[PDB]
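Spelled out, the chains give:
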Amino acid sequence: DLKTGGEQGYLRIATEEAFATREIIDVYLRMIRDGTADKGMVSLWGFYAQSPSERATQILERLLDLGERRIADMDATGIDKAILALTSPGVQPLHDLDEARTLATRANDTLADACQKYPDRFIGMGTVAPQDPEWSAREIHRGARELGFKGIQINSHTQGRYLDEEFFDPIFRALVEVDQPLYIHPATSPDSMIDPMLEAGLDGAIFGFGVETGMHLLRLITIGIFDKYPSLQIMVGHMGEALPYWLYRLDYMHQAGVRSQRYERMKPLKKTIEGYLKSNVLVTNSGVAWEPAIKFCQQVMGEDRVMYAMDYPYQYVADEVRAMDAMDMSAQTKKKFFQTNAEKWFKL
Amino acid sequence: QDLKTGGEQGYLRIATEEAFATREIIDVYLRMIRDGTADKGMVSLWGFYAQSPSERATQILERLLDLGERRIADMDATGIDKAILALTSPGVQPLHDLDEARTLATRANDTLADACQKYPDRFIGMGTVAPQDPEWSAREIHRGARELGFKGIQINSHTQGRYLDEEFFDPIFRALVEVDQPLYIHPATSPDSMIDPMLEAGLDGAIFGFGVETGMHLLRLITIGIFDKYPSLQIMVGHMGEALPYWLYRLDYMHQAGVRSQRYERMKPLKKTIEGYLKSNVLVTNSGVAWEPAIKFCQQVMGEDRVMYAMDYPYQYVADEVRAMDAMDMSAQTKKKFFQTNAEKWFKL
Ligand SMILES: [Mn+2]
Ligand SMILES: [Mn+2]
């Protein structure tokens, strides 16, 4: 009952879909073995790459496939197109810059090859190495102009550092030059923040992912990234990492902080936080196949700014697709949500 | 829109997360800041509120300190009939000298009891405790229920980086169930172990860090099985549930995924889903969130009987917020629950 081809009145374009390369997963394993992995890596990838559980082993196998098996899984859930990115944390944790750039290059060329082979099914977002912002800028050039990619995905922090630092500016300069979106995907929190979450089993997707990612998007908003770069669009998954829900409180407390001069890095902005959510931020529902949360986001940010995502293979659930197809929404809204918003914002 | 006391609009306005301070305890914070024993959160939060020359800070400190006619006037001016009062975060929880903590918490509780006696139709008390000493805290829970007329207690999230899911804190929960009173988990700044990236961006306080710390704490309690151990226990949180109601689908999906894959020895099977515990054991206020779409979303998730009005005076003392809440496109029956009768039930007023 879930079919490709758009007969139900829209294509299903899934906008937060993951893959891995074996050589990068082997680096994570090396890091865990040699003690250079951070606590988040040990937690996340010591689980996914090593647990014998059904969940981990299926995720690992699915991540590594970029062909007929992934296509079969998409066919079986009626997914027309998938926007693919290297799974978190990509090469961001790597201490050897030459190794990070090499592996990122390879992962990008691997993705490009797959998209060339399945051009009606797979759409690519590039991976970068923000450890090297200037290289990353050139890799943004290459993905947009040579590889056919539609943007980049950054897996939140790089070695405990956030994108609001001036150090990272070449990434933003390059994105606005090629006029492509940035997708800030979660990662585990850095060692400076993870301990109370990790000790309770909360460091991953259940909680810590949202803390890390929402903090990252928020600190970019509050540093004025969209005043510096008014064309820039930043996408986040998981229903906006709670930011839409907190909006009233964000704006109230932002304004209080600005006016009171409480903080060096919180100065006046040209728009409210609400205003940036309406003009510069875009949200997917990855992991949140939940009609009230989706409708809430659509109401707060505008229906044109909210997109369907599956989060394959971390959350591959046919009944979720069925629930999304069944939502109490107009045909027109549902087509935006499943298809045409993604067509617009990713320039498909 | 006139804001009047007396319920002529169809309900009393019962404000359920309202703060006060004591000069002696603020002086301790200043001492800890000066001597270097204050954590980064204390330096940030109380360095600001107790020392900032900012207009917001100065007026907030004066209002915090008043437990009399000024506070009453401020309530009258915004049509607030009753305020549920608690010692402002982080209370005595950061203190290293337990004699001092116990003495100052006793004093603060005595002061609050005295004020509530003076204005018994306007002020309702929640006790403060010192979780560093869970035995003393248990006695203080009983003292507040027996002698002081209090309706429960407020704990200001973590105590020196230690969380209530730890077995050490069990005597506090045992005492709450014995007196049959709720726990309000109010925010605090994050501990030094988690605060640094937030603090650097100006995000450690009410804008963001408070919700992270508090949502985390409540999620840790849910997932340790506090409500299987204590099925009668009610835990209240402000700020529209510290995002948990909005995350709920993701919370349950990933909690179940973790348990079934045996990922964390800490995370064991629970008798209810997280959704089940929200509907049976957690209560939410809208402190700081005078925003209809979020209130209505939370009502749908939790049930309209489980969501209450709060002002968060004096940190967020805004007449126009009251006006907006009075004017929500919501039935008279639901509005009366939200402002009045839910609080009357859950606080046993
Ligand atoms: Mn994902
Ligand atoms: Mn408060």
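Before reading further, recall that the structure is shown in the block above.
Residues numbered from 1 in each chain as written, not as in the entry; some residues may be left out. Chains lettered and ligands numbered in written order. Heavy atoms only, no water.

A. Expanded view of the overall build of chain B. Summing up its helical and strand segments, chain B has 16 helices and eight strands in all. Taking 349 residues into account, the globule formula puts the C-alpha radius of gyration at 20 Å, and chain B, at 19 Å, falls close to it. For chain B, the spread of C-alpha atoms along the principal axes amounts to about 55 × 55 × 45 Å. Out of the 349 residues belonging to chain B, those deemed buried represent 66%. Relative to all contacts within chain B whose residues are 6 or more apart in sequence, the contacts with residues 24 or more apart total 77%. Carbon and sulfur atoms provide 48% of the accessible area of chain B, an area that totals close to 12100 Å². One way to put it: in chain B the 39 positive side-chain charges average out to a point 4 Å from where the 50 negative ones average out. (Helix = DSSP H or I, 4+ residues; strand = E, 2+ residues; numbered from the N terminus. Rg over C-alpha atoms; globule rule 2.2 N^0.38 Å. Buried < 20%, exposed > 50% of the residue type's maximum accessible area, 1.4 Å probe, protein only. Contact = heavy atoms within 4.5 Å. Areas by Shrake-Rupley, 256 points an atom, 1.4 Å probe, with all protein chains shown as cover. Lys, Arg positive; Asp, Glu negative; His and termini not counted. Charge placed at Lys NZ, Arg CZ, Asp CG, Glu CD.)

B. Examining the side chain of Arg220 of chain B more closely. All names here are of chain B. Tracing the chain through its elements places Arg220 in helix α9 (residues 209-223). Overall, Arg220 belongs to the buried group, its relative accessible area being 3%. Separated by 2.9 Å, the side chains of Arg220 and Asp165 make a polar contact. (Polar contact = N/O pair within 3.5 Å; in protein donor to acceptor, adjacent residues only side chain to side chain.)

C. Layout of the coordination of the manganese ion (ligand 1). All names here are of chain A. Taken together, the protein ligands of the manganese ion (ligand 1) are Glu16 (OE), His185 (NE2) and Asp311 (OD), with distances of 2.1 to 2.2 Å. Sequence spacing of the donor residues for the manganese ion (ligand 1), all on one chain, is E-x168-H-x125-D. Of this pair, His185 sits in the loop between β5 (182-184) and α8 (195-198) while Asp311 sits in the loop between β8 (306-307) and α15 (318-325), and the two are 126 residues apart along the sequence. Of the two residues examined, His185 and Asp311, each falls in the buried class. (Donors = N, O, S within 2.8 Å, 3.2 Å for Na, K, Ca; no water.)

D. Representation of the pairing of strand β2 (residues 82-87) of chain B in the model. Residue and element names in this part refer to chain B. When you tally the buried positions in β2, you get six out of six residues, the bulk of the element. Of the two faces of β2, both are covered, the one formed by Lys82, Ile84 and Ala86 as well as the one formed by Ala83, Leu85 and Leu87. As paired strands, strand β1 (residues 14-20) and β2 are joined by five bridges and run parallel to one another. Across the sheet, residue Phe20 finds its bridge partner in β2, namely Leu87. (Pairing = 2+ DSSP bridges.)

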